[PDB]
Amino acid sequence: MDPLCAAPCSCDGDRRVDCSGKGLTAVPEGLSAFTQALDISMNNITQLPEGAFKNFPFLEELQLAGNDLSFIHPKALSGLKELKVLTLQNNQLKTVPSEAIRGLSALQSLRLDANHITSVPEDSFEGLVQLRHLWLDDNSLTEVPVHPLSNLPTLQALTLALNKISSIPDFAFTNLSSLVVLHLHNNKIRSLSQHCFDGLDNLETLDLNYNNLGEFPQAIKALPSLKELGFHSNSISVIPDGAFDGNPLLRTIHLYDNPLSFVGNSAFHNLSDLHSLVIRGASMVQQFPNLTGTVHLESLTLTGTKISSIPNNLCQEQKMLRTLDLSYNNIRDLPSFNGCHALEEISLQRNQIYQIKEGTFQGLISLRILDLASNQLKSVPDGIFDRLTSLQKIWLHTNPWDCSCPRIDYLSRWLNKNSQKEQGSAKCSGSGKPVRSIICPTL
């Protein structure tokens, strides 16, 4: 028995009390009023009466998750003027308890997720002059609670994810000037009004994944601080030129699981902080994306297009490239790769490459993986693989290799000496013999 505590709870030396999972039906008695954190989650507190926390006026953290809480008296949380964190997720609240939280003027974090909230009273959040994080995810909201959110200029993170929001009107978040993170994933958003995000000048993260967007949202043009954008698993068919004109600081764009058939040639131009670009199955794309000003790209994947040409300045403009996958397009001519000193992984399988020019592989000192399978290569220049000191694995098979001597001399001898590196077998057109097995006559 702890004299400075109270059974069945547990107390530490820093005024933190753990009374979680003890079958409690009420707020514990016998504890110090100077208690700073109270964890009473995972109990059986189905209701909080008037004066519930009368003995905890100095409380800073309160965890009430995983009870089956369905009612909070308007006066249950009276006196909690030091409360910074309130945790209410995984309960049976049907409405936002606006009355009960009105006097919580020090509150910085409010978790209301995983309840069954269908409505937000128009006066919700009015007293929360310090709120920084608001979780309203995993409920049954059918709209953005516009007027309640107008009360929170200090808010930095908001989630309205896993609800049933179908549209967002003009100026829905306009008072949220401190907002940095906005989650709207797993709703049914089909309509974003032209000015729905106006006022969110500090927003760095927007998550629109798993929605029902068709037209690409022009509304994101009002997001100058945007660094991370997710709109994967929607119904977007085209990413137009100018799409990211308002977002020069974008580092991350998740755009997969969309029926993307076309992307504008300049859609990803002038994005100096963009780290990676992965676009697959945009079948109507014919020209290589204009990436002028997009100089910090470390990874690029472009597959399933009609692209037949790669710009010669690729390894100049995109010098930081570590990973390059341009497989399953229609490429015939390759650029020089000399400027790509950081390139570790290259995939060019299933194109129409018929030649490599001499001395275009000399700068590839970091190259570990080289995939040239399923092309139209009959030959390579002598000493093409000379400078590939980091090379681990190479694919050369499914090419019509001309095994005439002395044309095949270098490659046959290279593949023999470097047999551990070759994956599958480059074979001679006609005879079907492995290229490594050919010994050309010598002087």
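The numbering used is simple: start at 1 and walk along the sequence shown.
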| item | value |
| --- | --- |
| Mean Cα B-factor comparison, 349-357 or 154-162, giving the higher one as deposited | 349-357 |
| Average Cα temperature factor in the PDB entry - higher stretch of 252-260, 170-178 | 170-178 |
| Among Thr305, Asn187, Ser225, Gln318 - the residue whose C-alpha B-factor is largest in the record | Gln318 |
| Among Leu203, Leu110, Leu93, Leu300 - the residue whose C-alpha B-factor is largest in the record | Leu93 |
| Among modelled residues of the same chain, the CA temperature factor third for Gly51 | middle |
| Chain third (lowest, middle, highest) by recorded CA B-factor, residue given as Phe125 | highest |
| Third of the chain's Cα B-factor distribution that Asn265 belongs to, per the entry | lowest |
| Assigned third (lowest, middle, highest) for the C-alpha B factor of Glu344 | middle |
| CA B-factor ranking of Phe197, expressed as a third of its chain | middle |
